[PDB]
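K.L.:
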Ligand SMILES: CC(=O)O[C@H]1C(=O)[C@@]2(C)[C@H]([C@H](OC(=O)c3ccccc3)[C@]3(O)C[C@H](OC(=O)[C@H](O)[C@@H](NC(=O)c4ccccc4)c4ccccc4)C(C)=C1C3(C)C)[C@]1(OC(C)=O)CO[C@@H]1C[C@@H]2O
Ligand SMILES: Nc1nc2c(ncn2[C@@H]2O[C@H](COP(=O)(O)OP(=O)(O)OP(=O)(O)O)[C@@H](O)[C@H]2O)c(=O)[nH]1
Ligand SMILES: Nc1ncnc2c1ncn2[C@@H]1O[C@H](COP(=O)(O)OP(=O)(O)NP(=O)(O)O)[C@@H](O)[C@H]1O
Ligand SMILES: Nc1nc2c(ncn2[C@@H]2O[C@H](COP(=O)(O)OP(=O)(O)O)[C@@H](O)[C@H]2O)c(=O)[nH]1
Ligand SMILES: [Mg+2]
Ligand SMILES: [Mg+2]
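Protein chains in written order, with PDB author numbering: chain E, 1 to 440; chain B, 1 to 430; chain K, 4 to 373.
(1) In whole angstroms, what separates the C-alpha of residue 426 of chain E from that of residue 183 of chain E?
(2) Is there a Cβ from chain B that is less than 7 Å from the Cβ of residue 314 of chain E?
(3) Sorry if obvious, but does the Cβ on residue 12 of chain E come closer than 6 Å to a heavy atom of ligand 2?
(4) So is the beta-carbon of residue 100 of chain B under 6 Å away from any non-hydrogen atom of ligand 4?
(5) Interface residues of chain E around residue 404 of chain B at Cβ under 7 Å?
(6) What residue from K:331, K:320, K:179 and K:259 has the CA that sits closest to residue 92 of chain K's CA?
(7) Please report the straight-line C-alpha distance between residue 424 of chain E and residue 143 of chain B, rounded to a whole angstrom.
(8) If the cut is a Cβ gap below 8 Å, which residues of chain B does residue 262 of chain E touch?
(9) Taking the C-alpha atoms as reference points, what is the distance between residue 336 of chain B and residue 371 of chain B?
(10) So which of B:264, B:39, B:208 and B:37 has the shortest CA-CA distance to residue 297 of chain B?
(11) Any beta carbon of chain E sitting closer than 7 Å to that of residue 178 of chain B?
(12) Quick one: is the Cβ of residue 103 of chain K within less than 6 Å of any heavy atom of ligand 6?
(13) Can the beta-carbon of residue 133 of chain E be found less than 7 Å from the beta-carbon of residue 252 of chain E?
(14) Please confirm if the segment 289 to 305 of chain E is in contact with the segment 178 to 198 of chain B, defined as three or more CB-CB distances below 8 Å between the two stretches.
(15) Is the CB-CB distance between residue 330 of chain K and residue 102 of chain K below 7 Å?
(16) Can you name, in chain order, every residue of its own chain whose Cβ lies under 8 Å from the Cβ of residue 56 of chain E, other than the five neighbours on each side?
(17) With DSSP collapsed to three states, give me the class of residue 246 of chain E.
(18) Report yes if the C-beta of residue 225 of chain B is less than 6 Å from at least one heavy atom of ligand 4; otherwise report no.
(19) With distances taken Cα to Cα, identify the nearest neighbour of residue 387 of chain E among E:145, E:207 and E:54.
(20) Where residue 157 of chain B and residue 183 of chain K are concerned, what is the direct C-alpha to C-alpha distance, given to the nearest angstrom?
(21) Taking Cβ positions, are residue 36 of chain E and residue 29 of chain E nearer each other than 7 Å?
(22) Quick check: the Cα distance between residue 503 of chain E and residue 77 of chain E, rounded to an integer number of angstroms?
(23) Using a Cβ-Cβ cut-off of 6 Å (strictly less than) and excluding sequence neighbours within five positions of residue 309 of chain K, which residues of its own chain qualify?
(24) The alpha helix (DSSP H) that contains residue 20 of chain E, what's its start and end?
(25) From the DSSP output, in three-state form, read off residue 312 of chain K for me.
(26) Looking at the structure shown, is residue 162 of chain B part of a helix, part of a strand, or coil, going by DSSP?
(27) Since residue 160 of chain B meets chain E, which of its residues come closer than 8 Å, beta carbon to beta carbon?
(28) Between residue 206 of chain E and ligand 2, is there a pair consisting of the residue's CB and a ligand heavy atom that are separated by less than 6 Å?
(29) Less than 8 Å between the CB atoms is what I'm expecting for residue 239 of chain B and residue 249 of chain B, so what's the real figure, rounded?
(30) Mind checking who residue 53 of chain B pairs with in its DSSP beta bridge?
(31) Can you round the beta-carbon distance between residue 224 of chain E and residue 203 of chain E to whole angstroms, since I take them to be within the 8 Å contact cut?
(32) Out of B:145, B:136 and B:91, state which residue places its alpha-carbon closest to the alpha-carbon of residue 98 of chain B.
(33) Cβ atoms of residue 241 of chain E and residue 315 of chain E: under 7 Å apart, would you say?
(34) Which class does residue 72 of chain B belong to by DSSP, given the choice of helix, strand or coil?
(35) Whose C-alpha, out of E:32, E:126, E:246 and E:196, is nearest the C-alpha of residue 7 of chain E?
(36) Count the other C-beta atoms from every protein chain shown that fall within 10 angstroms of the C-beta of residue 309 of chain E, then say buried if there are 16 or more, exposed otherwise.
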């Protein structure tokens with residue numbers, strides 16, 4: 001009963017959740033109305049997998065999810081869409097205004113009056129669960145709701161449950177492309193919550209996925225749907241070990257134990273190797289060695305940072321489909337001899353391997369090809385510091401003149417908090433600069 | 001009548017145990033349902049060693065399956081020989097150790113050890129005259145290392161006189177499936193050296209080398225490695241189940257192979273291995289078995305014997321053969337390779353002969369070596385341990401469960417002392 | 004270091020008196036001769052110890068070695084020699100009913116006292132003689148026993164569990180949660196010894212009605228300070244004096260132990276063998292580098308093979324002075340056992356360790372900072 005609770009906050013969270021639940025329903029053969037005729041035809045099995053779906057008396061399967069937002073529009077789209085019957089009607093939506101890209105508005109003033117009810121529903125879900133593994137929180141840096149309400153929610157969750165694992169999937173601001181003027185303020189404010197309370201957070205950049213779509217899938221005018229589908233594939237690869245049998249199964253505790261050297265350095269990158277279109281799926285062997293090599297390419301990373309400028313501190317490979325341990329062994333041996341990939345001298349092993357028999361599924365109307373073999377990598381490295389550094393500069397350029405600060409302080413936020421928040425990132429940045437130094 | 005109680009912990013231990021129970025079951029003609037459909041009388045002469053009689057004239061293996069994750073139990077039950085094991089011996093919990101030795105030893109396993117010992121105490125009480133135990137577990141993981149070491153300690157407190165075997169898989173030099181292998185390996189080796197009578201060292205690198213170079217398999221899987229290991233385990237205890245010219249229980253090996261109490265780490269091997277198509281060329285004879293036994297690449301431990309000296313070795317032959325040929329072959333192996341055997345142990349080759357070979361073969365042989373080269377393995381692990389302990393790479397995961405740096409220091413010191421003790425005799429001219 | 008193998012012969016015993024009571028041990032000065040009862044014609048086995056003693060005829064004075072003579076030849080000499088920063092290890096190696104306690108304790112009420120009364124009272128009188136405003140001392144004691152590779156506390160109340168042996172990275176092996184005490188006077192040491200001796204496990208056998216089935220250890224940690232602060236540094240000395248009693252080898256043919264007794268005897272013999280091996284090895288090692296060439300390539304001493312040698316790692320060798328009292332008997336039944344004891348003595352009696360330790364960092368830090 002390897003259960004885990006999904007929470008979605010903000011527009012980005014809700015849309016990524018839509019993609020994720022489409023993928024999950026496709027994976028387990030659950031109809032959009034919650035029925036599973038495959039089990040009726042077969043007559044038995046554990047296809048009502050408890051990792052995501054709770055099975056009621058009549059055979060309907062309710063997902064273990066809590067969508068949260070302040071804009072009625074995004075949730076109302078789900079409540080009258082294809083999957084209107086799938087979710088429990090309690091969708092946790094505020095019939096009021098929204099944070100409007102304001103951390104203080106979403107954390108102090110309007111974040112209240114919804115936190116109690118959301119926590120009540122989360123506790124109600126947790127009561128039904130046995131042997132809960134952890135929480136998967138989807139949100140986005142920059143947005144008012146996804147920053148402030150996520151901060152409040154994670155603080156309360158750390159107070160209440162504490163020991164249970166918590167994983168963040170988030171959309172970090174990009175180096176140049178942005179859809180708001182006050183993104184740096186929100187990110188710099190929410191660093192404290194994503195640093196102190198979360199156990200492991202993955203950063204995702206929009207331009208990285210756009211470049212992947214342009215180069216690999218040959219999509220020329222992608223929208224958010226394709227990015228959400230790729231992120232859903234990432235999350236499914238992460239969570240596959242809990243659902244299906246495999247030669248080497250890696251649950252969440254092993255993953256955290258291997259990828260996190262120190263408490264404050266839990267910011268790994270993520271990537272997916274066999275991202276390829278159906279047209280280009282041919283003319284390609286797509287062996288284990290090829291996908292393992294492709295995982296290391298700087299171009300295929302999901303965050304705009306060059307791993308060559310940093311040091312690899314830990315890795316975790318999760319394979320799916322027709323994979324044999326000998327080929328993974330050979331690929332890792334080939335990788336270790338490459339000189340472009342530098343490993344910190346205090347981690348001689350620096351690899352975790354997981355293999356699963358269930359191959360990835362193909363969503364109808366998607367862009368990814370059907371492949372009998374795939375691998376998803378998580379890599380804890382020191383290059384991520386660069387991704388923070390640029391943002392810090394931007395924040396300074398806006399804080400020297402106190403631009404837009406009156407909006408934040410008008411919602412009960414104290415000015416000095418801004419400075420404090422910046423200091424945290426500085427300290428965090430310094431930690432990376434200390435951990436990559438070779439021993440003497 | 002001499003009974004062996006079998007224990008298996010962790011994923012690797014459970015897999016090897018399942019394959020081993022398939023192999024032994026064939027030798028003694030046991031159906032998957034438990035009924036006996038053999039031909040020879042000798043198959044039932046000593047069935048009691050590994051099996052208990054049931055009231056319905058069916059045989060239940062005397063095994064304890066242990067884990068902290070129901071997945072491996074479910075995999076074992078839903079298998080070709082899943083129904084053979086009795087359901088009461090499936091002892092497990094939830095929230096597995098997850099490659100954390102402290103969780104396996106202190107936090108999680110301590111809650112489950114009581115239940116496990118209870119089954120063991122029951123199984124043991126039924127036996128007429130218990131010889132010893134044997135445990136299968138990989139040292140690289142959390143559940144295996146932790147719960148195996150804890151069970152070994154508890155059993156040695158409870159049963160000091162009996163024998164304690166161990167078929168453990170060490171971390172490999174190059175291949176590494178986990179990031180925190182050295183910590184678990186060091187702590188497990190610290191626990192094993194004090195509370196065991198024998199310990200057979202197995203390495204996945206060596207087994208893959210055997211599969212590629214010798215057997216010429218193209219795409220080996222864990223099934224083949226478990227096949228090799230299970231062949232070795234069945235070879236070791238052959239003399240307690242069939243007659244022969246010279247018998248040799250587990251103790252007779254322990255006495256003949258262990259000169260000093262702390263040197264009980266053995267390198268196993270098996271012969272023949274004809275690679276599925278070359279058997280028609282080579283003629284199976286005793287000298288061929290000796291040659292393939294004493295070959296360097298045939299060892300399962302990934303340590304070259306030629307880099308050290310043989311403290312003492314044992315050869316268990318199975319089949320109809322002459323004693324003169326065996327004795328002269330062992331003498332010739334001693335005399336030819338005079339520099340690879342110590343000088344203060346004359347005639348350091350134990351020999352046992354059984355006259356009931358495996359079903360598909362005319363002859364076979366099992367090799368157990370005790371050399372000084374094994375220290376290399378530990379030395380390697382020690383280096384990696386230091387490389388992660390100077391900076392405390394992943395220490396916060398362990399210290400959160402109650403351990404402290406002092407225990408790591410004790411483990412490192414004990415491992416280094418063992419390495420020095422092994423290096424004491426690897427020299428020339430004194 | 005040293006081992007000063009006190010080869011001592013006690014009066015006869017009822018078990019011996021039942022047989023032909025004829026002593027087979029004689030001497031002349033430092034020369035010790037032992038006759039073969041089965042081959043009296045043969046020249047007696049001859050040894051040259053400076054510390055061989057004969058107390059089978061107590062009232063005699065001609066060539067008679069009183070306990071005061073033993074203390075003068077070993078006790079105060081070893082004490083003063085090791086007083087300049089050493090660890091002193093006195094232990095009793097012998098056989099069952101071989102009079103291993105009268106060496107260790109002796110007649111407390113009489114002036115014919117064992118090694119511990121003389122040593123402890125002499126040390127206590129010494130510190131009292133040098134007790135002053137600017138000269139002070141501090142003494143601590145501890146007691147423990149090894150049953151069968153398991154450590155137990157005798158001073159502390161009944162703790163049915165076994166103490167866990169740990170290894171401090173700098174301070175070496177020690178016993179976790181072992182009860183340790185501070186002591187002011189000699190009579191307190193006597194009372195603690197009485198309590199500890201009562202606490203130990205004891206069982207009866209043919210060779211001795213009250214044989215001890217455990218290996219007992221008695222540690223003394225003794226610190227000395229002088230406080231001439233103008234031109235002297237406090238806590239200028241510390242010493243470790245370890246007094247250990249070792250159950251003798253169980254001659255199973257001469258005892259006929261059965262059941263648990265046999266098991267105890269088995270463990271005892273195993274432990275003793277390991278100890279003997281260490282005493283044989285250590286000697287040779289310290290004989291080689293000190294005499295031969297100064298190479299110091301590498302030498303391994305098997306400490307870890309047993310708990311006794313493991314806990315006494317600091318005291319048995321390395322940087323410690325030692326001492327053995329070979330408690331013999333004049334019987335013919337014990338000739339082979341006596342020969343084994345003195346053959347291990349031939350593999351002992353120098354040990355040759357080095358030391359000089361115990362400064363006061365904080366007190367000199369006053370001068371350094373000023
Ligand atoms: C045509 C022919 O010669 O067939 C042989 C054969 O080719 C060889 C290659 C067999 C074959 O073994 C393998 O191919 C193999 C593959 C991976 C790992 C291990 C073995 C054989 O499968 C193995 C089989 O032997 C047995 O079955 C033994 O009794 C073995 N039992 C099992 O393998 C077994 C497997 C599942 C269930 C029950 C038993 C055994 C060995 C030691 C102790 C007890 C049992 C034999 C003679 C053969 C085949 C069939 C090809 C060999 O088997 C052994 C015992 O190692 C490989 O080395 C020998 C040499 C044989 O010549
Ligand atoms: N990958 C991806 N990113 C998205 C998506 N939708 C929004 N984003 C990101 O989210 C940022 C906007 O912040 P949001 O979290 O959506 O703000 P919100 O959730 O509506 O909360 P408010 O700020 O109060 O409106 C944009 O800059 C986008 O980069 C999406 O569908 N996919
Ligand atoms: N020099 C001596 N003069 C008089 N009596 C002595 C002398 N030496 C020993 N004894 C006596 O002889 C006995 C020796 O003690 P004993 O009963 O053998 O204990 P023990 O043998 O040391 N116990 P153990 O050796 O550990 O099994 C005691 O009764 C002593 O009083
Ligand atoms: N030979 C063999 N080795 C295995 C098998 N499964 C896992 N291993 C090895 O065991 C190690 C992982 O240990 P694991 O079984 O997870 O320990 P646990 O988690 O405590 O149960 C890896 O290094 C693998 O090489 C198997 O079926 N056969
Ligand atoms: Mg919004
Ligand atoms: Mg005595």
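By construction, the Cβ of each residue, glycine as well, lies at the ideal position given by its N, Cα and C atoms.
P.N.:
Taking the geometry as given:
(1) 18 Å
(2) yes
(3) yes
(4) no
(5) Those do not exist, as residue 404 of chain B stays about 18 Å from chain E at its closest Cβ, beyond 7 Å.
(6) K:320
(7) 38 Å
(8) 396
(9) 17 Å
(10) B:208
(11) yes
(12) yes
(13) yes
(14) no
(15) yes
(16) 62
(17) coil
(18) yes
(19) E:207
(20) 27 Å
(21) yes
(22) The structure shown has nothing for residue 503 of chain E, since chain E only spans 1 to 440.
(23) 274 and 277
(24) 10 to 28
(25) helix
(26) coil
(27) Result: empty, since nearest Cβ-Cβ is about 36 Å, beyond 8 Å.
(28) yes
(29) 6 Å
(30) B:59
(31) At roughly 17 Å, the Cβ-Cβ gap does not stay under 8 Å, so residue 224 of chain E and residue 203 of chain E are not in contact.
(32) B:145
(33) no
(34) helix
(35) E:126
(36) exposed
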